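**Student:** Quick one: the structure is below, questions incoming.
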Amino acid sequence: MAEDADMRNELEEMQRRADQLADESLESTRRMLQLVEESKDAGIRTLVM
Amino acid sequence: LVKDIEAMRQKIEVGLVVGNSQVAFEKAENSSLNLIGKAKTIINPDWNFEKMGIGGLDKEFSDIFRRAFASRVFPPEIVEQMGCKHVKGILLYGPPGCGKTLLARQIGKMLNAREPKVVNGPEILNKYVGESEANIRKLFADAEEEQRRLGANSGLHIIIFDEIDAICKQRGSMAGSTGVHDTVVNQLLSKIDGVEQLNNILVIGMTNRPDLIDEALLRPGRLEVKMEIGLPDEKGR
Amino acid sequence: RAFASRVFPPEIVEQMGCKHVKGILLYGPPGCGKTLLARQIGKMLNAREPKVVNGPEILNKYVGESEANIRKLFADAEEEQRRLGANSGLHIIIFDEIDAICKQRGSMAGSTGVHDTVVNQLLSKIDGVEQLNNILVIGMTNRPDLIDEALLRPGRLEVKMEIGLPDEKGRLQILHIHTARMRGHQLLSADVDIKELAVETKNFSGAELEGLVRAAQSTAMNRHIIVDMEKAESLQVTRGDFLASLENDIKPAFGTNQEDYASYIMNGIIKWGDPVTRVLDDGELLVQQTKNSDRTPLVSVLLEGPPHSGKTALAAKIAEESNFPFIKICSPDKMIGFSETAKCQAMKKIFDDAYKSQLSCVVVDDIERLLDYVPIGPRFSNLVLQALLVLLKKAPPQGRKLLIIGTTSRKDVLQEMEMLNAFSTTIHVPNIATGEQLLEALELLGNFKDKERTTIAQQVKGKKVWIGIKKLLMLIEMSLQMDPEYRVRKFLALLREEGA
Amino acid sequence: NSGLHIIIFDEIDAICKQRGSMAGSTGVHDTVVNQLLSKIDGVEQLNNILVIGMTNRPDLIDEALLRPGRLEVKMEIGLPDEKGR
Amino acid sequence: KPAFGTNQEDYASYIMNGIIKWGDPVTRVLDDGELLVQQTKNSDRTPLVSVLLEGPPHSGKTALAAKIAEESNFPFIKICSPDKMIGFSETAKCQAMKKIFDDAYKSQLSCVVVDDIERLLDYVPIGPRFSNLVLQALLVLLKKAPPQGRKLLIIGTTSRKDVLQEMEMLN
Ligand SMILES: Nc1ncnc2c1ncn2[C@@H]1O[C@H](COP(=O)(O)OP(=O)(O)OP(=O)(O)O)[C@@H](O)[C@H]1O
Ligand SMILES: Nc1ncnc2c1ncn2[C@@H]1O[C@H](COP(=O)(O)OP(=O)(O)OP(=O)(O)O)[C@@H](O)[C@H]1O
Ligand SMILES: Nc1ncnc2c1ncn2[C@@H]1O[C@H](COP(=O)(O)OP(=O)(O)OP(=O)(O)O)[C@@H](O)[C@H]1O
Ligand SMILES: Nc1ncnc2c1ncn2[C@@H]1O[C@H](COP(=O)(O)OP(=O)(O)OP(=O)(O)O)[C@@H](O)[C@H]1O
């Protein structure tokens, strides 16, 4: 023998959707963080008045 | 905080700033104040070594010290008058058990203010191409920018290689015709004398088989000093 | 060559059709000054900001990011090509240690990966189908010869320029350019002579030259520098004066080492008579053969004598006295245990790199040892002989002049190997024949005073001597070690038996 | 005051044999032993472990590793006399 | 604890019985050895010396060569002996001796023993055979000087010197 082979190889990235399209769902989850609180804001002060 | 007052010259206790009163500023201790100009008037990286853990090498320690730590410890102004760039790149070649990694340990961690990044042999090498090599520039990438955006003056960065002969050998004779260890070394060389001409590092290697090591790396400026350490004489002993 | 096209006024080449050069390549031995050059180019010469790539910096694990990082380099310079066809700001690229990224495509040994063939993307990008003009690219390599030549042919890269070692006086410019500032603020004495250095630096190049300088400033400060404090004094008055000589001696290796004649020369040369003069004169008449004549670019000499005559030492003397640019000693010391192939290979490297110079001299010491030779029965290695005997009759290219010596204590073996027929000439070393000649020699040495000289001298002249030096030294020495009276009697009695 | 971690190499000789450009080309994959002797005697004190090693063919092992402090003590156990037996 | 340098124990192997004095021969000989180490220690312009000990067979040669070193009290002694080299092809054999000399060339001075040379270099009379390589390496090393300032002696033994005149190592 007298054999030394030490080797390397390269990676295959699984198609993780591979587009920005993920953002739109992320935009919906923005808005549900965003547009919800003022309901309570005006709710508690509607209840004050 | 007033430090010294001089008259127009006697040094006085209370005086009167007038139009033609020149004033100098100096950043305090443990200060992060970057003052520039020369309306100023200090950093010395070595505060204490009395003696550290060593005997017999009072010649060799003297040589290494004067060569690669004197440019550091000097008036900066005169050295830029001198126009010389600091030597970097210590090498140590000898037989085993002669106290080399001890020596390397003490200077980096006991002599001067930094934490050195140390590779224990290779930690570098990896199954994937390019990221092992990239770890090299992951080493240098905390000190390079630092010089870029502080210029000449900087806190010293250090790299200690150890048993470097394993990772580096003469090209063309490496594990067959092309070689596995060839591209790591072509990066290392590319950075140390690299096109950026960073001045703020010393590379400390150590070996027991220095002939293997490539002259290409050993010529001055990449590693300038190849220093033998050997079996001590009795008085050192 | 490559910047005329930049500098000229545009109309002139507009009448021509030449597509302006893509790139260059420059190479040579290390520490020789090439990366300096490649900084200043692009620092000074162009109005642009360069992008540097370090050699492997391209490589990444995911299969397409390697190439997809190369096209990143050239997208700017191609979009401006598209936008502005005729001219552009000359986006330039700097590779470093390019040999890894580009080597011959048909070698996967040790790689076992296809990503060596990124190169196809590279040169298919550079000229490609899409010509890219108004870009410059420069390569840098220690190893010129491993590159796929598909990108060395002209128009992808025109120039193979090899930066060699500095010339002695050019070395002076390399030196003076550094010392300009050091002198300008008058931290340099007028006593040091840069020429005195530069002649005393045979092969120092570039960084190797600058190393002593950097060291010199260190050694010069350190005196005025000086425990716990390790104070740096305030004293600013200093200069390195004739300490560059001292460190030139001790600290660096040349990087091409000949410096040591010491192992060859313990005692120099005792000038012990007429023969030594005849020899050395024959020698400085022989060295001139090369230098004067262009029809004998190769010349070949033997040194014939008995053993223990120091022939191989004065060979080195005459070499340094020839004062050629490149000299070397092929020793069996440096080559030990080498099987005949490697024992040839070392020699191979010697003559091939020696030919590089416009001249050199080389000595071959103790060929009887180099090519292993023992009677009990003839036995030796032939391959070295064959190679060597060819090398003698290999004429270097285009009058790059050579001188060779070989040494033996025995010619009677050689006339059967037909080596000296191939050698041009041979010169004899007679060894010391008589008491007067000898006594003169050792009184040049000393270590017998006049009483001892005479005490010897009575009975020497009546006798006939056949001796050589290398035995005599050990004799006088070991005899010397004895007690004072005994010294000379023992010397004598040893000579009775040795030369008989 | 930390506690020991002992590590146990059953066969040393196969892993590490002399790295001196011997036994063919550079030993067998000698990068390993370089890493190791940098690790145990490295720039860190690492006062808290002992590694045990065992061979039936000791001479191969590199003296670089065997010196005092990386491994000081190489002992031989030999076929016992009647009492041990 | 043994060491990289000399041992107290390498000797008791080779001299088991010590050296008993049977006469003036023993005196003259080892006194010459003492003379030689003082030559090397004291002198300059003989960085090396070279001696061999001829004897007939079964006349202790190696013992003397050891006791000389043991009396010289030079700091670095590694004997190079065949017993530690067995079966070796000539290549690895010469590597071993050179390894010895290169370690020795580190120290400021040293004493090296070759013993049973005629067995170190393969030798047989019949259709006479030997290793050429080990020969050549050996005797250039005998002719070799270490880096300056350093000093050594090379002691050798054999039971026959006639063939060595024939093989032109004796000079
Ligand atoms: N002045 C000294 N000279 C030599 N050795 C020393 C000295 N002072 C301490 N030592 C001891 O030497 C030991 C080994 O030296 P060091 O730690 O440098 O590793 P080393 O054995 O030199 O490494 P290598 O075997 O790769 O050379 C240290 O662990 C220390 O205990
Ligand atoms: N020709 C030169 N002129 C001025 N300084 C030089 C010269 N050559 C070398 N130097 C010194 O060395 C440095 C340049 O290093 P150099 O160019 O030799 O690396 P290199 O030749 O690229 O090495 P390698 O070819 O092995 O990568 C300069 O900064 C200077 O300190
Ligand atoms: N004129 C001279 N010619 C030759 N050698 C001289 C002369 N003067 C002095 N020597 C001395 O000769 C010594 C070198 O002898 P050396 O061992 O080289 O002889 P040698 O011919 O190489 O021996 P061998 O033939 O065994 O190789 C040097 O120390 C040198 O000083
Ligand atoms: N004063 C002495 N001189 C010589 N030999 C002695 C003396 N005293 C004892 N001896 C014995 O001589 C023996 C020498 O053996 P040695 O190592 O010389 O074998 P050898 O003679 O080299 O073998 P060979 O005869 O094959 O060369 C030692 O075992 C030692 O006990």
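Residue numbering in chain E adheres to Swiss-Prot, whereby the residues present occupy positions 489-659 in order.
Just so you know, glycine gets a Cβ as well, placed from its N, Cα and C.
According to Swiss-Prot, the ATP binding site annotation covers E:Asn505, E:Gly506, E:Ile507, E:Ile508, E:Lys509, E:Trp510, E:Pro545, E:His546, E:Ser547, E:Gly548, E:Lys549, E:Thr550, E:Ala551, E:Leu552, on the basis of experimental evidence. What Swiss-Prot lists as Mg(2+) binding site is E:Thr550. Taken from Swiss-Prot, the feature phosphoserine applies to E:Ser569, supported by similarity to another entry.
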**Student:** Tell me which recorded positions (E:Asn505, E:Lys549, E:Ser569) have a Cβ under 6 A from ligand 4; sequence order is fine.
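**Tutor:** Checking each Cβ against ligand 4, the ones under 6 Å are E:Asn505, E:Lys549.
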**Student:** Between E:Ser547, E:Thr550, which of the binding-site residues has its C-beta surrounded by the fewest other C-beta atoms within 10 Å?
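**Tutor:** Ranked by other Cβ atoms within 10 Å, the binding-site residues E:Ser547, E:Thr550 bottom out at E:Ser547.
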**Student:** Could you tell me the C-alpha distance between E:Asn505 (ATP binding site) and E:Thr550 (Mg(2+) binding site) in angstrom, no decimals?
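**Tutor:** Here the two Cα atoms are 12 Å apart.
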**Student:** Looking only at Cβ atoms, how many others are within 10 Å of the one on E:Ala551 (ATP binding site)?
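**Tutor:** Step by step: centre on the Cβ of E:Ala551 (ATP binding site), count other Cβ atoms within 10 Å, giving 18.
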**Student:** State which of the following binding-site residues has the fewest other Cβ atoms within 10 Å around its Cβ: E:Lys509, E:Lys549.
**Tutor:** E:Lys509
**Student:** Radius 10 Å, atoms counted are CB only; among the recorded positions E:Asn505, E:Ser569, which position scores highest?
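**Tutor:** Selected residue: E:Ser569.
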**Student:** List the same-chain residues at least 6 positions away in sequence whose Cβ sits under 8 Å from the Cβ of E:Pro545 (ATP binding site), in sequence order, or say none.
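**Tutor:** Set apart from E:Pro545 (ATP binding site) by at least 6 residues yet with Cβ under 8 Å, we have E:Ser647.
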**Student:** Can you give me the same-chain residues 6 or more apart in sequence from E:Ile507 (ATP binding site) with a CB-CB distance under 8 Å?
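**Tutor:** Listed in sequence order: E:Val514, E:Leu518, E:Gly548, E:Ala551, E:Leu552, E:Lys555.
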**Student:** Can you see whether DSSP assigns E:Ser569 (phosphoserine) to helix, strand or coil?
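**Tutor:** The residue in question, E:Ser569 (phosphoserine), is coil (DSSP, three-state).
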